[PDB]
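Enquirer: pasting the structure only:
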């Protein structure tokens, strides 16, 4: 979750 | 998280091929598609369900709904022979479909 | 581009370290499987599931090291690169065949 995960992919 | 694809599709030159990729609420995720010609590194042919990188022709197109994403290749050419893999992210894990071997003959 | 490792040995696959690095392997008859990822500007490494903890991701070049190799680890190993925050990889490096026996 979080911004960490948003580095690898940003959710639909 | 599991993504399933048909292991093989076999089509004559010129006709349209569809390759499906299914997973639990996959329609709610961005799906990307890779073309791997035999013996070669994969190439990105679709991203964000339906967008084509530069160099990928408009006869490649994609859709994504419910539990299935679909890659559609019209006017199939011999050079389209390849393994096609869908990919998606679930919970900070990258998942690949099992790949579909496309034969043009 | 093709290497032979003995059982129990180790292999390191290195990748050039705004982009995301990902390591993927293609085992004969098993499609592509993620091994983990690395984001140089944030130094964040993500580990994939299913390698019994024998993957290490490090950077000085970034490196994916797989220890305690067995015949099931025979595969083609790729570096791949993609844009930050976009979960796809638009450049895949040349594969390296690793033959364990």
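Expert: On my side now, so go ahead. Residues are numbered from 1 along each chain as shown, chains lettered A, B, ... in the order given.
Enquirer: can you give me the neighbour number for the closest residue to residue B:16 other than its chain neighbours?
Expert: Ranked by C-beta to C-beta, 6 or more residues apart in numbering or on different chains and with sequence neighbours excluded, the top spatial neighbour of residue B:16 is residue B:74, at 4.3 Å. Placement of C-beta: from N, CA and C, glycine included. For residue B:74, the count of nearby residues is 14 (other C-beta atoms under 10 Å in any protein chain shown).
Enquirer: I'd guessed residue B:74 sits against residue B:59; true?
Expert: Yes: at 4.6 Å, residue B:74 counts as touching residue B:59 under the criterion of C-beta atoms under 8 Å.
Enquirer: dump the residue contacts of residue B:7.
Expert: B:98, B:99, B:100, B:101 (C-beta atoms under 8 Å, 6 or more residues apart in numbering or on different chains).
Enquirer: need the residue closest to the centroid of chain A.
Expert: residue A:6 (1.7 Å; C-alpha atoms, centre = their mean).
Enquirer: now do the strand ranked longest in chain B: distance to the chain's middle.
Expert: With DSSP state E applied, the strand covering the greatest number of residues in chain B is identified as strand B:82-90. Strand B:82-90 sits 6 Å away from the centroid of its parent chain (C-alpha atoms, centre = their mean, to the nearest Å).
Enquirer: ok, it: who's next to it in the sheet?
Expert: strand B:32-36 (antiparallel), strand B:93-96 (antiparallel), strand B:100-104 (antiparallel) (DSSP bridges).
Enquirer: just name the most buried of those strands.
Expert: The densest packing among the strands paired with strand B:82-90, expressed as mean neighbour count by mean count of other C-beta atoms under 10 Å in any protein chain shown, is seen in strand B:32-36 with a mean of 25.
Enquirer: can I take it that the residue nearest to the centre of chain A is in a helix?
Expert: Yes: when the secondary structure is assigned by DSSP: H, G, I helix; E, B strand; the rest coil, residue A:6 falls within a helix.
Enquirer: check contacts around the nearest residue in space to it that is not next to it in sequence.
Expert: Take residue A:6 and drop its neighbours on the chain: the residue closest to it by C-beta to C-beta, 6+ apart is residue C:85, 5.9 Å away. Applying C-beta under 8 Å, 6+ apart to residue C:85 gives the contacts A:6, A:7, A:8, A:9, A:10.
Enquirer: okay, and the beta partners of the closest residue to chain A within chain B?
Expert: Taking C-beta to the nearest C-beta as the measure, the point where chain B comes nearest chain A is residue B:89, at 4.3 Å. In this entry, residue B:89 is beta-bridged to residue B:94, by DSSP bridges.
Enquirer: residue B:78 contacts residue B:13, correct?
Expert: Yes: in this structure, residue B:78 sits in contact with residue B:13. The criterion is C-beta under 8 Å, and the distance is 6.7 Å.
Enquirer: look at those two and report which has more neighbours.
Expert: A direct count of neighbours by other C-beta under 10 Å for residue B:78 and residue B:13 places residue B:13 higher, at 11 against 8.
Enquirer: pretty sure that one is touching residue B:80, no?
Expert: No: with contact defined as C-beta under 8 Å, residue B:13 does not reach residue B:80; the gap is 9.2 Å.
Enquirer: shared neighbours, those two?
Expert: Taking C-beta under 8 Å, 6+ apart as the contact rule, the neighbours common to residue B:13 and residue B:80 are residue B:104.
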